Amino acid sequence: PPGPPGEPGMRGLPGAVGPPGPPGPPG
Amino acid sequence: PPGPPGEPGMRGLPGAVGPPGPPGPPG
Amino acid sequence: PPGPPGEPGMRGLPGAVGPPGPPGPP
């Protein structure tokens, strides 16, 4: 008889930090 | 016979929110 | 024998864009 299913895969790597925000409002 | 492949892993965790933007344009 | 491990998940979503900067100078 075939063996049991393999272990579930590894969780993926964490996502990249977001881009910096836009410039602020004018002075 | 080796068993069926394991299930795919979970997608990774989302990235952190990005840093704040630069100061706005001068008056 | 146990089957092969599953494939890894893909990379997580990129983070959201950061907040607006501070108001500009006088």
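Figured I'd write up the structure that's included with this text. (Residues numbered from 1 in each chain as written, not as in the entry; some residues may be left out. Chains lettered and ligands numbered in written order. Heavy atoms only, no water.)

Across the contact, 27 residues belong to chain A and 27 residues belong to chain B. Roughly 1,600 Å² is buried in total at the junction of chain A and chain B, and carbon and sulfur atoms are behind 55% of that figure. Partitioning the side of chain A that touches chain B into residue classes produces 16 nonpolar, 9 polar and 2 charged. (Contact = heavy atoms within 4.5 Å. Buried area = accessible area lost by both parts, 1.4 Å probe. Nonpolar A, V, L, I, M, F, W, Y, C, P; charged D, E, K, R; others polar.)

This part takes up the relation of the copies chain A and chain B. Rotating chain A by 101 degrees and moving it 2.9 Å along the rotation axis overlays it on chain B with an RMSD of 0.6 Å. Mapped onto chain B, 100% of the interface residues of chain A again fall at the interface, so both copies present the same surface. (Least-squares fit on C-alpha atoms.)

Counting residues at the interface gives 26 residues for chain C, matched by 27 residues for chain B. Carbon and sulfur atoms supply 55% of the area that chain C and chain B bury against each other, a total of about 1,600 Å² over both sides. If you look at where chain C meets chain B, you find 0 salt bridges. Scanning the region where chain C abuts chain B turns up 10 residue pairs in polar contact. (Salt bridge = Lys/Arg side-chain N within 4 Å of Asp/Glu carboxyl O. Polar contact = N/O pair within 3.5 Å; in protein donor to acceptor, adjacent residues only side chain to side chain.)

Our next topic: the environment of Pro5(C). Classification of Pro5(C) as exposed rests on a relative accessible area of 56%. A C-alpha to C-alpha distance of 44 Å links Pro5(C) and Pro20(C), two positions 15 residues apart in sequence. Among residues more than four places away in sequence, those in contact with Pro5(C) are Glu7(A) and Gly6(B). (Buried < 20%, exposed > 50% of the residue type's maximum accessible area, 1.4 Å probe, protein only.)

Bear in mind that shape data such as this cannot, by itself, settle questions of function.
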